[PDB]
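**Q** part one of the complex, untouched from its place in the assembly:
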Amino acid sequence: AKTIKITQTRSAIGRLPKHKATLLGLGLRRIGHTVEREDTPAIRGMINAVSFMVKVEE
C-alpha cells in the first residue's frame, strides 16, 4: 500500500542491458523522471540494482 517515488538522476547511455531493463521495469523513462510505485521487496530489489542512477523519496 505504501508508495515510494523514484527519480532517475543519471543517463541510461552505456549502462548494462540488465540495468536498462531494470529501469524499464521501474518505468523510469528519462533523467529527472519521477514515478510512484508500491513498496514491495521486489521494488526494493530493483532500486538496489540501479541505486547508483536513481534517487528514492520514500
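**A** Received the coordinates, thanks. Residues are numbered from 1 along each chain as shown, chains lettered A, B, ... in the order given.

**Q** CA only for contacts and neighbour counts going forward, please
**A** Fine.

**Q** which residue ranges of chain A form strands?
**A** A:3-8, A:34-38, A:54-57 (DSSP state E).

**Q** now do the longest one: which elements does it pack against?
**A** I take that to be strand A:3-8. In this structure, strand A:3-8 makes packing contacts with strand A:34-38, strand A:54-57, judged by 3 or more CA pairs under 8 Å, 6 or more residues apart in numbering; DSSP states H and E.

**Q** identify whichever of the ones you listed lies nearest to residue A:15.
**A** Closest to residue A:15 of the helices and strands packed on strand A:3-8 is strand A:54-57 (CA to CA; 13.1 Å).

**Q** dump the strands of chain A to JSON lines, plus mean neighbour count and distance to residue A:23.
**A** Conversion of those to JSON lines gives the following (neighbours: other CA atoms under 10 Å; distance: least, CA to CA, whole Å):
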{"stretch": "strand A:3-8", "mean neighbour count": "18", "distance to residue A:23": "9"}
{"stretch": "strand A:34-38", "mean neighbour count": "16", "distance to residue A:23": "11"}
{"stretch": "strand A:54-57", "mean neighbour count": "16", "distance to residue A:23": "9"}
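
**Q** distance to residue A:26 added to the ones you listed, as a markdown table?
**A** Output for the strands of chain A, formatted as a markdown table (distance: least, CA to CA, whole Å):
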| stretch | distance to residue A:26 |
| --- | --- |
| strand A:3-8 | 8 |
| strand A:34-38 | 8 |
| strand A:54-57 | 10 |
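
**Q** here is chain B, add it in:
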Amino acid sequence: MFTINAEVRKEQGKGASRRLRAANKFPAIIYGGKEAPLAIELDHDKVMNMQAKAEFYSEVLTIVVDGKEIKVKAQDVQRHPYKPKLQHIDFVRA
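**A** Take a look at chain B, now in place beside the chains above:
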C-alpha cells in the same frame, strides 16, 4: 601481566574491518570458554608495541572491556603480509 583495553565492535565484515585498520585499530576475537565468542576492537599501535615482547604469546593477557576484565591467551595472530602491522588476534578465554 599485560593489560589491553578493548572495545566492542559494532559492525563486522570486510568493509568494517578495513575501516578499522585504516583508522589505526584492528579487530580481534575472544573465543573459547563456555560462552559465546566476543568480537573486540583493539588499538593497533599499543597492541603491536606490547606484543613486541616475546612473553605476550605465553603469559595470560588481561583484557579490559566495559570494566569487565577477561583473562585470555594469545592463540593466533594474523600479520600484515609485508608490513609490521597486525590484522587480527585470536584470544582464548583462560
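
**Q** excluding its backbone neighbours, what's nearest residue B:17?
**A** What sits nearest to residue B:17 in space, not counting adjacent residues and going by CA to CA, 6 or more residues apart in numbering or on different chains, is residue B:27, at 6.4 Å.

**Q** residues in contact with the one you found?
**A** B:9, B:17, B:20-21, B:39-42, B:87-89 (CA atoms under 8 Å, 6 or more residues apart in numbering or on different chains).

**Q** closest one of those to residue B:54?
**A** residue B:89 (15.1 Å).

**Q** is the closest one in a bridge, and if so with what?
**A** residue B:28, residue B:77 (DSSP bridges).

**Q** I figured it hits residue B:29, correct?
**A** Yes: with contacts counted by CA atoms under 8 Å, residue B:89 reaches residue B:29, the gap being 6.4 Å.

**Q** so who does the residue nearest the centre of chain B touch?
**A** With distances taken as CA atoms, centre = their mean, residue B:28 lies nearest the centre of chain B, 3.9 Å away. Listed by CA under 8 Å, 6+ apart, the contact set of residue B:28 reads B:39-42, B:88-91.

**Q** what about residue 48, how many residues close to it?
**A** I'll assume chain A. Using other CA atoms under 10 Å in any protein chain shown, residue A:48 is surrounded by 11 other residues.

**Q** wait, chain B
**A** Look at residue B:48: counted by other CA under 10 Å, it has 13 neighbours.

**Q** chain C goes on too:
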Amino acid sequence: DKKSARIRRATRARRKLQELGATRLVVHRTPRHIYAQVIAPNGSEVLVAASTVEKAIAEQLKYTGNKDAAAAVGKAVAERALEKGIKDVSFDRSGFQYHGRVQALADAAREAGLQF
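**A** One more piece, chain C, placed on the ones above:
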C-alpha cells in the same frame, strides 16, 4: 570374509529388484536354520516371515538345516503370503547358490502358490 563375499554377490540382484519395485522374497541360509522373509519394495517393512527358528515350524521338523526343513519353511511362508494376499513376489537368493536347501524352499513356495 564369507559373508562379505555373499553381500557383494547379492547386491546386484538386490538393487535390480529394488529399482524394479518387486515385492521381495529374501532367503537366508545358515548351517542350522533357513529363514525366509517377504519384504515391501521400499525395503523397510517386513510383510511376512517364516523361519525354522520358531516353534510352530520347527516342531514338525527333524533337523532344521536340510532340504526337508527348507521345504517346510518355504511352504509356511508361501501360505502366509497367500493369506496376506501377497500373491506375486520375486526371489532374492541373497548370494546363496540357487541349489539345495534354497532351491527346495523355492519349489515349496512355488507349489504352495507364491508366483516367482
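
**Q** so, the contacts of residue B:27 revisited with chain C in the model?
**A** So residue B:27 contacts B:9, B:17, B:20-21, B:39-42, B:87-89 (CA under 8 Å, 6+ apart).

**Q** make TSV out of these and add neighbour count.
**A** Shown next, in TSV, are the contacts of residue B:27 (neighbours: other CA atoms under 10 Å in any protein chain shown):
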residue	neighbour count
B:9	18
B:17	20
B:20	19
B:21	19
B:39	19
B:40	20
B:41	21
B:42	25
B:87	18
B:88	20
B:89	20
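
**Q** centre of the chain to whatever helix or strand residue C:15 lives in, how far?
**A** According to DSSP states H and E, residue C:15 maps onto helix C:2-20. With CA atoms, centre = their mean, to the nearest Å as the basis, helix C:2-20 stands 14 Å off its chain's centre.

**Q** kindly report the same for stretch C:79-98.
**A** 6 Å.

**Q** same deal with stretch B:32-44?
**A** 8 Å.

**Q** neighbouring contacts of it?
**A** Looking at what lies outside stretch B:32-44 - CA under 8 Å, 6+ apart - the contacts are B:4-9, B:24-31, B:85-86, B:91-94.

**Q** restricting to C-alpha, output that stretch in CSV.
**A** Written as CSV, here are the backbone C-alpha positions of stretch B:32-44 (Å, rounded to 0.1, in the frame of the first residue of the first chain):
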residue,chain,number,x,y,z
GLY,B,32,37.0,-20.3,23.9
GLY,B,33,35.3,-20.8,27.2
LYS,B,34,31.8,-21.8,27.9
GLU,B,35,30.1,-18.7,26.5
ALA,B,36,29.6,-17.1,23.1
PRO,B,37,32.5,-15.5,21.3
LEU,B,38,33.1,-11.8,21.7
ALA,B,39,34.4,-9.5,18.9
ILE,B,40,36.6,-6.7,20.1
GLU,B,41,38.3,-3.6,18.6
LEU,B,42,41.9,-3.3,19.7
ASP,B,43,44.3,-0.3,19.5
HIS,B,44,46.8,-1.4,16.9
